[PDB]
Amino acid sequence: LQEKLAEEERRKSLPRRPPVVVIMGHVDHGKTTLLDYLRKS
């Protein structure tokens with residue numbers, strides 16, 4: 001019971017996070033254009 005609370009403590013305190021983001025939908029939202037813009041940014 002003391003090993004379930006120590007486990008939830010070191011795992012919630014992960015050193016780095018890189019949160020992955022996907023962009024998708026309809027073509028000519030300037031959609032590829034949007035991607036390009038993002039890249040440029």
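What the table below lists for this structure:
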{"quantity": "For the chain, calculated [θ]222 nm from helices alone, where every DSSP H run of n ≥ 4 adds -39500 (n - 2.57)", "calculated": "-8500 deg cm²/dmol"}
{"quantity": "Least to most buried among 28, 36 (fewest other Cβ within 10 Å first)", "calculated": "28, 36"}
{"quantity": "Semi-axes of the equivalent ellipsoid for the chain, Cα gyration tensor, largest first, Å", "calculated": "41, 12, 4"}
{"quantity": "Cα long-axis angle, helix 31-40 against the chain (0 to 90 degrees, to the nearest 10)", "calculated": "70 degrees"}
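Quick note: the coordinates plus some simple rules give every number you see, no bench work behind them. With ideal geometry, Cβ positions are generated from the backbone for all residues, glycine too; neighbour counts draw on all protein chains shown.
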